Amino acid sequence: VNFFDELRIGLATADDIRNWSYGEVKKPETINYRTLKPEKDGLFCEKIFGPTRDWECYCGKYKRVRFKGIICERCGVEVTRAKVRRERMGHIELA
Amino acid sequence: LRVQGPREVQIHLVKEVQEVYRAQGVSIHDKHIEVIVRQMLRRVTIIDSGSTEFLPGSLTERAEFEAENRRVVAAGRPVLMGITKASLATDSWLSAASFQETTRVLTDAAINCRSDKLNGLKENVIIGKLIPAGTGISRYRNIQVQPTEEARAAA
Amino acid sequence: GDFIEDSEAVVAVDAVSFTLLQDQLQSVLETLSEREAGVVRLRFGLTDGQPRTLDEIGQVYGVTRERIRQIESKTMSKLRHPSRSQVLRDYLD
Amino acid sequence: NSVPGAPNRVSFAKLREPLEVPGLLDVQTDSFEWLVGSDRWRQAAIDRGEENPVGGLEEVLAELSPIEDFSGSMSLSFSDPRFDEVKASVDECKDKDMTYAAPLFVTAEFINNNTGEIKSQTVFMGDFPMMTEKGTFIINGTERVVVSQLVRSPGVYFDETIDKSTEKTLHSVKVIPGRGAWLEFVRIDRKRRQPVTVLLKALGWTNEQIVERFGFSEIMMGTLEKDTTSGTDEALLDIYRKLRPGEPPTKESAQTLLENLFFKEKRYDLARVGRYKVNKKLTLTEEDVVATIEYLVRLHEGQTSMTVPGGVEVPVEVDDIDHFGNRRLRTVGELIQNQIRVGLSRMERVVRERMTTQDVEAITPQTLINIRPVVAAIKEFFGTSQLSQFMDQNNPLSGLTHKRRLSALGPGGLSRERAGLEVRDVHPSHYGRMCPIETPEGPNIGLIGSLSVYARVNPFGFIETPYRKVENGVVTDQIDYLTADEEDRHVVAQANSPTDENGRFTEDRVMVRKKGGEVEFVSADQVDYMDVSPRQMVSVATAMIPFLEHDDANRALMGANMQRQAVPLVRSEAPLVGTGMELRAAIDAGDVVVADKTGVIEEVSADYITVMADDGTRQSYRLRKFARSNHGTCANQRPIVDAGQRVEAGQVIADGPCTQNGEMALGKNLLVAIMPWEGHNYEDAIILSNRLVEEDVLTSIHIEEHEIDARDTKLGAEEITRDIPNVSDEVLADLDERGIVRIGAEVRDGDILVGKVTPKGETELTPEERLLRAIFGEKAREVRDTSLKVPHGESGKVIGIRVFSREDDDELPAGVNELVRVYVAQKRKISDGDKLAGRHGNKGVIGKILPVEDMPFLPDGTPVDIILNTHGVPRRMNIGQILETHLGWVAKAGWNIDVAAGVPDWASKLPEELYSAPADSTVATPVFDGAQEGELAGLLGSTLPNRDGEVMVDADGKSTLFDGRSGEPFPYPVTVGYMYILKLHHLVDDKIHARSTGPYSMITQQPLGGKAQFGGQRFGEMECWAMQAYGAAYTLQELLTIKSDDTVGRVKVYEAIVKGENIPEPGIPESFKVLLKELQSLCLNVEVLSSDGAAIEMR
Amino acid sequence: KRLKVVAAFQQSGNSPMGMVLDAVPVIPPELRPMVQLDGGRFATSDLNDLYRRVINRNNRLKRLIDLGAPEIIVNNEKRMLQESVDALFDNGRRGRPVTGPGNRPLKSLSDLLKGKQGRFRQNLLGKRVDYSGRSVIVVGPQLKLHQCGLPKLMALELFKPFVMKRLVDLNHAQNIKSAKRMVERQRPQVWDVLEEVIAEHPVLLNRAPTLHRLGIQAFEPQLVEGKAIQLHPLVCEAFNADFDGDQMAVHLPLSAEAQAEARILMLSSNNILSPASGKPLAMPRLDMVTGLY
Amino acid sequence: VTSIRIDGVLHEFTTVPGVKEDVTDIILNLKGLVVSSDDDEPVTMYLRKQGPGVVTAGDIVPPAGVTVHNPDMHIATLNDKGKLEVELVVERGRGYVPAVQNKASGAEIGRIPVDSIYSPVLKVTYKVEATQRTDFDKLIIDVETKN
Amino acid sequence: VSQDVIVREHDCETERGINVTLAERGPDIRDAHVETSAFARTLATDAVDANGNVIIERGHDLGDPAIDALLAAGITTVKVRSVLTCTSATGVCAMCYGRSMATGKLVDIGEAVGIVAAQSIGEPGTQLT
DNA sequence: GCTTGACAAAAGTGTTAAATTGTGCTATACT
Ligand SMILES: [Mg+2]
Ligand SMILES: [Zn+2]
Ligand SMILES: [Zn+2]
């Protein structure tokens, strides 16, 4: 839009933080040491944060722009632009 | 300030500042100095509320203090403050954050649940808006141009 | 960290030339029979982006896969014909 | 002079050097030879000084031996370090990217006190980097220098600071050790609220002893009178909770705390420097901690003499941390020693613990020893350390001053930001030790300095300066090297004081320096020592400025800095008007080839020079040829000798990059005209004769190194190849079989050097791309094209190629199969925009170069090469540049006396044998005795001809120039002459950058700066201020959105310019979107609200 | 003072509970990237090791809770969990900072925003820009006050998309791809074209540091031989420009508004007097004084 | 003289076995060549020398229609192993033309382009003397050439 | 601190101002600096000699001629418009700010005079010893 | 201008062996 009026701050509640989150990252894992692919449930996990490649799920069963906005029933990755990997947040649920 | 009053401090500060620069051979028209000095006198300390909505010892803008203080049917004193402390008092919270003491600013802003109207020009720079000065002012940017019917005729 | 290029960043000159290439093809295809152009588009998935098998294109025009394979060879030698191909050469890469 | 092949350069010096300049690379070689303790250092310390020399390596090995656990049941002992012959030669290491190193060996003895058995084992510590003849190291193939650091010597230093409130006097003493906690008066370990009396009882001394020892000290009694601590053990408890808060103590822990902190040798490190400092001034002894407090009380009282209760008398006075007596200077050997000590202590930890869990009697010196931390200390010291730097070489002089540099920064010293200007100021004790005139102009001023010419480093780390002792108004030949402490002891006579016959004081009174240092005038009666010569205070580069004494220290500093900034020219002409140092600075640099034995030349080739000694031995020297230097200058060498030539030991066989016939040539001698010329040379700009282009007088070469490797990828192996997926056969036209550019080829910006390819997939080609493939039948290739091309804005000829292949045995890090390096070189003609300068700090860009036809030209028709503006000269106090401009003309045209009948009055003081020099003879005016104003005028008239007997310059150093443009003369006489001007390493080709579109940053989409990245310019905070003051909103918005951060807008704007459409409206800067995300991650809820509808989503 | 905080929570709807975290957000991966450099060796943000300590300790805490554990052990975990989330948000703000190899403290989330290298000053109030260049400057004595010497190589790259269009308009090149190669290889046809696009198309010249707005001024570009920049001798005063080897940046205004602002507001000849004292700046100096004197 | 070709060397920055001067310091020397040619069109000269000695411009064998006017000039000094085989191309023109790179010309990797100075004249000056009232002007010009 | 101060309107119309000294006590002699104080301003009220004739009307630019004219009439002070006394609701007003040092005329309504003031003050700071 | 059958490559699909990965455990005494 490029024209907004106000810009506001406040304390983020745990619920606000949970609503932002596209998933809870449960593992302190970055990427596999062999395949160098993002490890599931870790930081960088494609299930939560997003696809590494445009309209390409982790396993690849749905590789095409034909169906955007569907989730792969196998790897649970959403088919959309890898740009979301820049926009999407996770959360940690503390014990 | 307390002795001779708000308008006299200005005269003093301009003279003093203008003396240092005169010593070194520099020519600055007093108005430039006045623009800066004007920003140190813009607030007043709130001694009593009394029904406000304001808090004692707080520094509030003179205009904002006068209008809401009316409240149809709350006393303060002129306040001198340095340029650094003054700029931190600015209503723009992301303007203050970018200036200095970023963590202090963000924490107080999130507690006060502060809303920034994005009026100032530094705010508009950060977000990529058109600064509200020069050619960015409404009266200029909304100019509408058409050739005179007399001109279109000549083609 | 700030010396790292972004390798997936869009390059403006290519996206524009790709837009221009997408224009020249639309034109060159117009020099082909309605069915000739229609078969090439479906075969390579120009419009949809999803390529199609010879049997699938035969299903839309009501022919055998072999017929489509034939029509494919002809329009390709027509496309390879220099008057059509001369303009697309500089798009090699 | 005194150098066998020295060229003939006449000197105006009226004095005689009593002492040759010492070898000025010595500071590096001595420090290292001490560390390794080779016999060369053995003889040195045996023939004088102490009788038990301990090498640095052995010295740190004594500290380790033995290793004993708490049980003392086993002891691991070290001894006898040994080095093998160097692995590979320096030349081999620089080529193969290895480090020049000798393997080190040690004898490790492990003893079991229970079984009384001994196990002796030879141990390999690691490859220990060695030092080249030139004082450098080769670390992973790159030549590096270890700069010596300035530090505060261990000792007790007192400071008197007036009270910020009461204004009353206070001290305020400090004790700084080698290692361990430091104390201040007892404020300890940064714990305030500590009376100095409470600890004096903590040792067990009863109060009467305080009343006995304190004595005349009133506050000594009042502090114990005010202190409420009763008993020696109770005071240890008030010390225990302040030092170790949180831990309930024990009588075993309360007592050992103080004993272990300082007295114990392990925790508190006595320094040989600290041990020597205070031992004379007054591990740590209880005797020493009492004398501390005693010295203090007898300071604040005002007495100048303290006789210890049982000790010897010394002055009681404040100490100065900036006085060089208290300031070292840890040299390279020591900087290595300390890093070794750290490596061993980290190993001792694994040696101690290893003993416990290792099955006993199965432990050997090896099983307990793991050398990982020892070599890591060395490797991690040379890399990543600020004292270990890539040698600075664009010219021999730059390299020679890099060594000899001393800086106060680095680990073990103050940070650049914190230290105040008191350390940056020159101290009176810097005289003859650290050159005051040479430091950086940046905010390193005074923190970095160069060691003086005759300065010499002490085995303890204090700089010494040579002096000649005077006795009874007679200066002896005795030359004694004194430190700063012993210099404050005596009266240093001025270097030039009139000499009498066989020598003695002539002038009634003597110039002298006191211990202030405060200058004074006393007769010849009271002197002790005299200066060895002028320019003791000066450094090498400073000593190279002709007429230094005429230039303000400001422009002199700039002048020194810029000499080390010059670049070697192809021709390398030596300075027409020089100083002393040019000869000896070039040979000691090492970039010139010197013969080490008298003999004769057997062969002279461009490749090498062999000499047949009178000794019957045969020495040969391989010549560096077009070797690329660290920063890209050219190291090329040329032989100055012929086959038959006789030669003597120490002579100069071949010239280096910046040398001619043995002396440093950093520039060319040019014909200068000081008139302002048609607004072209203005505001420091310079104009040049196109001759300097045509004749390649300012030309210099340059060489760039390009590198690419072929590694193993998860998807395959990278392959260097000539096959590139999409190219015309034209681009490949210069590639050989393997796909690397052919030697002698010409390469433009974007040309291919090494073709390379890497696997790719799965590709998923675009439909529009797959259709063209079918039409033109080019199979989409299996692999992406990642290939080495020449950077934007560069060009030259391909010089050489270096290939390292895994197929060939070679060697390489895991994963790298093939490595190819390509060396490109180019001749750079002097170009408009290049930066030139003289030795006086006068600098400027070339603003124009004119056809030799139209230039100011002398009556001969001789065009001037440079026109320098008159206005920059007078106000800058550099007028020395005008002198050498006159002398330059003298030295070029020759001259005569002045006789007969007699010698004129001015020559009487006096030029000796200087009465006549032919045309083109070279001159030398040592800095602080040079030519003198009177002697210039007398020479200024002399001598014709051009060829015809007419004279081209008057006694004012002026001439009538004819404008080569209109042909008419210039109305007034103009100063002409010859000036020595250097070409400097700021060049237009390197500094010209331009960008339209290019790479963008990963996290922020901004363009990434620097020429390597093809980067854009930074529009900064201050630039936006200027933009706002103008009131240009659309310009400002543009720069900050569609010209940097706007990912859709920047590609649209491009689309618009190429279609000639209107430029579209800007979008949101990506960086701002990032900011919101970073604030969210702090649990700050940041919503962008419209007028409404409330929250907007960035997406 | 204590009222200022307590009062702030009343008027706003903020629950003060927010100051204690049940859940910690995790920043998107591309803002804390992990990527392999040229050669395959990997580099990543410090944030990931910081997030790793937190999640490691939270998971250990779950484990100890389920087994049952003496408070000494469990409380120790919670204390560790607390410190790790501190280091993540603000590192070193309490106690010694979490360090990596070489003992250099890891960069926290707060380290992103703060300082001269933080987002605001580094990436927000300023930034690097397209369509810009720089070189060393040389005297312009023959220039008109509104003009500047522009190195033709520099001009070519700056205007590249403009000429690419022009030489496609004229038939020099048949398609945009050919136009791009024609400019890169610098085939001689482009020069005549460059003069066309550059005509009456202004450019901004800046020299750092920029003290007053006069530190940026628009000029009329003139194609010049050589790699240096020709600067009119009367603007040195405003730029404080020494020819000792100073460099200056060139910026190309694009949009119609930007070009208008250049010609009208920032043009060299319209800014003469200093906007402080009103005294003249472009007035002659140095050589020009003594020449007229 | 425009370009030069030396058998052994493919470029300017190497040495030659036994020769005392590197190829670049030899190109500098060849700069001082003062030649003259009837032209037109390019013509190659030739130089070959073996065994010890000193090479000079006299050792250059010019083709028919060209001449070398300072054979006394030193080129390179050779030793027992030194051999120098180099051909030189003389073109015709005026002024100073910087070396034309063989990427711009049609030359192959072997050719070494060199800066060319075509300037017969060496140093030139003048002066005038009037012809008192009725004064006229008579100028003398001093012209020197390279031979 | 000053970046948000821009000229928002032509006139706030206030009669308030500040008194400039404009020399004194002679001859029996311009103030050393009337160039940075009195010049470029705009008169708040009419400048009147005894008894007197109103030599310059309120709102005058006060150029060089105006100071000479005034000085003749023997006026040893003048009340001047300043941004200190300006009553504008937002920003300041052109009349109160006075002449633009750059243009030499009344400031334009877009001008951001805070930034210009900030820079005019800080730039010479390098010369302040 | 189009279709049929024989046919081989290509592409999936299920079935199995090999490898990779995760977890438990080690009892002189050692705090
Ligand atoms: Mg400068
Ligand atoms: Zn999937
Ligand atoms: Zn107003």
# chains A, B, ... in the order shown; residues from 1 in each chain; ligands from 1
>>> interface_residues(of="chain F", to="chain D", cutoff="8 Å", atoms="only C-alpha atoms", output="JSON, numbers by chain")
{"F": [10, 11, 13, 14, 15, 16, 17, 18, 19, 20, 21, 22, 25, 79, 96, 98, 102, 103, 109, 110, 115, 117, 123, 124, 125, 126]}
>>> write_last_selection(atoms="C-alpha atoms", output="PDB file, in the first residue's frame")
ATOM      1  CA  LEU F  10      55.201 -15.102 -26.002  1.00  0.00           C
ATOM      2  CA  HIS F  11      54.905 -11.817 -24.077  1.00  0.00           C
ATOM      3  CA  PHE F  13      57.293  -9.841 -19.063  1.00  0.00           C
ATOM      4  CA  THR F  14      59.689 -12.816 -19.343  1.00  0.00           C
ATOM      5  CA  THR F  15      63.470 -13.139 -19.734  1.00  0.00           C
ATOM      6  CA  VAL F  16      65.573 -14.759 -22.453  1.00  0.00           C
ATOM      7  CA  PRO F  17      68.290 -17.329 -21.654  1.00  0.00           C
ATOM      8  CA  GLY F  18      71.724 -15.746 -21.417  1.00  0.00           C
ATOM      9  CA  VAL F  19      70.544 -12.222 -22.264  1.00  0.00           C
ATOM     10  CA  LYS F  20      71.411  -9.655 -19.612  1.00  0.00           C
ATOM     11  CA  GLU F  21      68.330  -7.484 -20.243  1.00  0.00           C
ATOM     12  CA  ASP F  22      64.794  -8.674 -19.636  1.00  0.00           C
ATOM     13  CA  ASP F  25      64.038  -3.506 -20.495  1.00  0.00           C
ATOM     14  CA  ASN F  79      76.736 -14.280 -23.271  1.00  0.00           C
ATOM     15  CA  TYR F  96      53.015   9.576 -30.925  1.00  0.00           C
ATOM     16  CA  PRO F  98      50.430   4.340 -28.169  1.00  0.00           C
ATOM     17  CA  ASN F 102      46.590  -6.996 -30.767  1.00  0.00           C
ATOM     18  CA  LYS F 103      43.059  -7.588 -29.491  1.00  0.00           C
ATOM     19  CA  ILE F 109      49.381 -14.110 -29.132  1.00  0.00           C
ATOM     20  CA  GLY F 110      53.003 -13.787 -30.237  1.00  0.00           C
ATOM     21  CA  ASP F 115      54.606   2.505 -28.267  1.00  0.00           C
ATOM     22  CA  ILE F 117      57.194   7.777 -31.633  1.00  0.00           C
ATOM     23  CA  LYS F 123      64.550  19.989 -29.893  1.00  0.00           C
ATOM     24  CA  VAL F 124      63.334  23.353 -31.203  1.00  0.00           C
ATOM     25  CA  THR F 125      63.536  26.954 -29.970  1.00  0.00           C
ATOM     26  CA  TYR F 126      63.503  30.482 -31.379  1.00  0.00           C
TER      27      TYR F 126
END
>>> select_by_dssp(residues="chain A", states="strand (DSSP E)", output="list in words")
residues 7, 8, 21, 22, 23, 24, 89, 90, 91, 92 and 93 of chain A
>>> write_last_selection(atoms="C-alpha atoms", output="compact mmCIF listing (two decimals), in the first residue's frame")
# COMPACT_ATOMS: atom_id res chain seq x y z
CA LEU A 7 2.57 2.35 13.80
CA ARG A 8 2.11 0.93 17.29
CA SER A 21 4.04 -18.86 14.88
CA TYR A 22 3.65 -21.24 11.96
CA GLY A 23 4.86 -24.04 14.24
CA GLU A 24 6.85 -24.99 17.34
CA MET A 89 8.09 -17.20 12.44
CA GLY A 90 8.11 -20.11 14.86
CA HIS A 91 7.91 -20.38 18.62
CA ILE A 92 9.23 -22.39 21.54
CA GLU A 93 6.89 -23.53 24.32
>>> residues_around(residues="segment 9-11 of chain E", least_positions_apart="2", cutoff="12 Å", atoms="only C-alpha atoms (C1' of nucleotides)", output="ChimeraX atom specification")
/A:10-11 /B:53-54,108-114 /E:2-7,13-19
>>> residues_near_ligand(ligand="ligand 2", cutoff="8 Å", atoms="only C-alpha atoms (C1' of nucleotides) and all ligand atoms", output="PyMOL selection string")
chain A and resi 56-62+71-77
>>> residues_near_ligand(ligand="ligand 1", cutoff="12 Å", atoms="only C-alpha atoms (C1' of nucleotides) and all ligand atoms", output="PyMOL selection string")
(chain D and resi 683-685+835+843-845) or (chain E and resi 136-137+207-209+236+239-248)
>>> write_last_selection(atoms="N, CA and C atoms", output="PDB file, in the first residue's frame")
ATOM      1  N   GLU D 683      44.596  24.334  -6.694  1.00  0.00           N
ATOM      2  CA  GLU D 683      44.068  23.659  -5.515  1.00  0.00           C
ATOM      3  C   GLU D 683      44.760  22.310  -5.297  1.00  0.00           C
ATOM      4  N   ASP D 684      46.074  22.275  -5.528  1.00  0.00           N
ATOM      5  CA  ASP D 684      46.971  21.120  -5.375  1.00  0.00           C
ATOM      6  C   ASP D 684      47.062  20.238  -6.620  1.00  0.00           C
ATOM      7  N   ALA D 685      46.304  20.511  -7.677  1.00  0.00           N
ATOM      8  CA  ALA D 685      46.406  19.722  -8.896  1.00  0.00           C
ATOM      9  C   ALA D 685      47.760  19.934  -9.577  1.00  0.00           C
ATOM     10  N   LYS D 835      48.027   9.970  -8.474  1.00  0.00           N
ATOM     11  CA  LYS D 835      48.508  10.805  -7.383  1.00  0.00           C
ATOM     12  C   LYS D 835      50.030  10.781  -7.341  1.00  0.00           C
ATOM     13  N   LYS D 843      51.545  16.880  -2.183  1.00  0.00           N
ATOM     14  CA  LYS D 843      50.864  15.829  -2.922  1.00  0.00           C
ATOM     15  C   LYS D 843      49.776  16.443  -3.787  1.00  0.00           C
ATOM     16  N   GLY D 844      49.445  15.757  -4.873  1.00  0.00           N
ATOM     17  CA  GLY D 844      48.359  16.201  -5.722  1.00  0.00           C
ATOM     18  C   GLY D 844      48.096  15.207  -6.831  1.00  0.00           C
ATOM     19  N   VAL D 845      46.868  15.261  -7.342  1.00  0.00           N
ATOM     20  CA  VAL D 845      46.492  14.460  -8.498  1.00  0.00           C
ATOM     21  C   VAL D 845      46.992  15.135  -9.769  1.00  0.00           C
TER      22      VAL D 845
ATOM     23  N   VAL E 136      38.243   9.620  -8.617  1.00  0.00           N
ATOM     24  CA  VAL E 136      39.003  10.778  -8.167  1.00  0.00           C
ATOM     25  C   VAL E 136      38.627  11.966  -9.039  1.00  0.00           C
ATOM     26  N   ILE E 137      38.754  13.170  -8.487  1.00  0.00           N
ATOM     27  CA  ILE E 137      38.309  14.390  -9.151  1.00  0.00           C
ATOM     28  C   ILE E 137      39.519  15.196  -9.601  1.00  0.00           C
ATOM     29  N   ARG E 207      30.506  14.799  -2.086  1.00  0.00           N
ATOM     30  CA  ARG E 207      31.813  14.533  -1.503  1.00  0.00           C
ATOM     31  C   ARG E 207      31.657  14.410   0.004  1.00  0.00           C
ATOM     32  N   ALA E 208      32.188  13.329   0.564  1.00  0.00           N
ATOM     33  CA  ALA E 208      32.112  13.088   1.999  1.00  0.00           C
ATOM     34  C   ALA E 208      33.313  13.687   2.727  1.00  0.00           C
ATOM     35  N   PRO E 209      33.093  14.190   3.950  1.00  0.00           N
ATOM     36  CA  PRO E 209      31.780  14.197   4.604  1.00  0.00           C
ATOM     37  C   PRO E 209      30.861  15.301   4.093  1.00  0.00           C
ATOM     38  N   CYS E 236      34.501  23.987  -5.387  1.00  0.00           N
ATOM     39  CA  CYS E 236      35.382  23.386  -4.391  1.00  0.00           C
ATOM     40  C   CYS E 236      35.058  23.895  -2.993  1.00  0.00           C
ATOM     41  N   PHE E 239      31.973  21.953  -1.540  1.00  0.00           N
ATOM     42  CA  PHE E 239      32.366  20.572  -1.291  1.00  0.00           C
ATOM     43  C   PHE E 239      33.578  20.455  -0.381  1.00  0.00           C
ATOM     44  N   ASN E 240      34.278  21.558  -0.111  1.00  0.00           N
ATOM     45  CA  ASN E 240      35.551  21.504   0.602  1.00  0.00           C
ATOM     46  C   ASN E 240      36.514  20.562  -0.117  1.00  0.00           C
ATOM     47  N   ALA E 241      36.532  20.645  -1.443  1.00  0.00           N
ATOM     48  CA  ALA E 241      37.179  19.638  -2.271  1.00  0.00           C
ATOM     49  C   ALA E 241      38.637  20.013  -2.499  1.00  0.00           C
ATOM     50  N   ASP E 242      39.543  19.196  -1.968  1.00  0.00           N
ATOM     51  CA  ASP E 242      40.952  19.254  -2.320  1.00  0.00           C
ATOM     52  C   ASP E 242      41.196  18.343  -3.513  1.00  0.00           C
ATOM     53  N   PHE E 243      42.084  18.773  -4.398  1.00  0.00           N
ATOM     54  CA  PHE E 243      42.522  17.961  -5.524  1.00  0.00           C
ATOM     55  C   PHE E 243      43.750  17.122  -5.188  1.00  0.00           C
ATOM     56  N   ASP E 244      44.094  17.038  -3.902  1.00  0.00           N
ATOM     57  CA  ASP E 244      45.134  16.169  -3.363  1.00  0.00           C
ATOM     58  C   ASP E 244      44.835  14.689  -3.601  1.00  0.00           C
ATOM     59  N   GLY E 245      43.758  14.382  -4.318  1.00  0.00           N
ATOM     60  CA  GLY E 245      43.288  13.024  -4.478  1.00  0.00           C
ATOM     61  C   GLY E 245      41.957  12.667  -3.838  1.00  0.00           C
ATOM     62  N   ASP E 246      41.134  13.654  -3.493  1.00  0.00           N
ATOM     63  CA  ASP E 246      39.772  13.386  -3.052  1.00  0.00           C
ATOM     64  C   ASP E 246      38.986  12.645  -4.128  1.00  0.00           C
ATOM     65  N   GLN E 247      37.981  11.897  -3.685  1.00  0.00           N
ATOM     66  CA  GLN E 247      37.044  11.227  -4.569  1.00  0.00           C
ATOM     67  C   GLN E 247      35.640  11.760  -4.317  1.00  0.00           C
ATOM     68  N   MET E 248      34.774  11.597  -5.314  1.00  0.00           N
ATOM     69  CA  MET E 248      33.402  12.070  -5.225  1.00  0.00           C
ATOM     70  C   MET E 248      32.470  11.036  -5.835  1.00  0.00           C
TER      71      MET E 248
END
>>> residues_near_ligand(ligand="ligand 3", cutoff="7 Å", atoms="only C-alpha atoms (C1' of nucleotides) and all ligand atoms", output="PyMOL selection string")
chain G and resi 11-14+83+86-88+92-96
>>> residues_around(residues="residue 60 of chain B", least_positions_apart="2", cutoff="9 Å", atoms="only C-alpha atoms (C1' of nucleotides)", output="number ranges by chain")
B: 42-46, 54, 58, 62-65, 89
>>> write_last_selection(atoms="N, CA and C atoms", output="JSON list (two decimals), in the first residue's frame")
[["chain", "number", "residue", "atom", "x", "y", "z"],
["B", 42, "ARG", "N", 10.26, 24.11, 24.55],
["B", 42, "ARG", "CA", 8.94, 23.72, 24.07],
["B", 42, "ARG", "C", 8.11, 22.93, 25.08],
["B", 43, "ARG", "N", 8.62, 22.66, 26.28],
["B", 43, "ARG", "CA", 7.88, 21.85, 27.24],
["B", 43, "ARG", "C", 7.88, 22.51, 28.61],
["B", 44, "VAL", "N", 7.02, 22.00, 29.49],
["B", 44, "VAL", "CA", 6.80, 22.55, 30.82],
["B", 44, "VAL", "C", 6.61, 21.40, 31.80],
["B", 45, "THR", "N", 7.08, 21.59, 33.03],
["B", 45, "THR", "CA", 6.97, 20.57, 34.07],
["B", 45, "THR", "C", 5.59, 20.66, 34.72],
["B", 46, "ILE", "N", 4.96, 19.50, 34.92],
["B", 46, "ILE", "CA", 3.60, 19.45, 35.45],
["B", 46, "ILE", "C", 3.70, 19.26, 36.96],
["B", 54, "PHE", "N", -2.08, 13.79, 33.46],
["B", 54, "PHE", "CA", -0.66, 14.12, 33.43],
["B", 54, "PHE", "C", -0.10, 13.76, 34.79],
["B", 58, "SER", "N", 6.65, 15.24, 35.14],
["B", 58, "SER", "CA", 6.71, 14.89, 33.73],
["B", 58, "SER", "C", 6.85, 16.14, 32.87],
["B", 62, "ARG", "N", 4.16, 22.16, 25.43],
["B", 62, "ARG", "CA", 3.41, 23.34, 25.85],
["B", 62, "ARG", "C", 2.03, 23.38, 25.21],
["B", 63, "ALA", "N", 1.95, 23.17, 23.89],
["B", 63, "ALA", "CA", 0.67, 23.20, 23.21],
["B", 63, "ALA", "C", -0.24, 22.08, 23.69],
["B", 64, "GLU", "N", 0.28, 20.85, 23.75],
["B", 64, "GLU", "CA", -0.51, 19.73, 24.24],
["B", 64, "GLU", "C", -0.92, 19.94, 25.69],
["B", 65, "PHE", "N", -0.08, 20.63, 26.47],
["B", 65, "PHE", "CA", -0.43, 20.93, 27.86],
["B", 65, "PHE", "C", -1.54, 21.97, 27.94],
["B", 89, "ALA", "N", 12.28, 13.14, 24.04],
["B", 89, "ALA", "CA", 10.89, 13.39, 24.41],
["B", 89, "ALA", "C", 9.96, 13.42, 23.21]]
>>> select_by_dssp(residues="segment 489-659 of chain D", states="helix (DSSP H, G or I)", output="number ranges by chain")
D: 542-544, 548-550, 553-563, 582-587
>>> atom_distance(atom1="atom CA of residue 111 of chain D", atom2="atom CA of residue 338 of chain D")
27.8 Å
>>> residues_around(residues="residue 222 of chain E", least_positions_apart="5", cutoff="6 Å", atoms="only C-alpha atoms (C1' of nucleotides)", output="short mmCIF file (atom, residue, chain, number, x, y, z; two decimals) with N, CA, C and O atoms, in the first residue's frame")
data_model
loop_
_atom_site.label_atom_id
_atom_site.label_comp_id
_atom_site.auth_asym_id
_atom_site.auth_seq_id
_atom_site.Cartn_x
_atom_site.Cartn_y
_atom_site.Cartn_z
N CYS E 148 29.86 19.26 -15.42
CA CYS E 148 30.91 18.46 -14.81
C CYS E 148 31.45 17.47 -15.82
O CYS E 148 30.72 16.96 -16.67
N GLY E 149 32.76 17.22 -15.75
CA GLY E 149 33.37 16.13 -16.49
C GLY E 149 33.04 14.77 -15.93
O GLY E 149 33.29 14.50 -14.75
N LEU E 150 32.48 13.89 -16.76
CA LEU E 150 32.08 12.55 -16.35
C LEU E 150 32.86 11.51 -17.14
O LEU E 150 32.76 11.49 -18.38
#
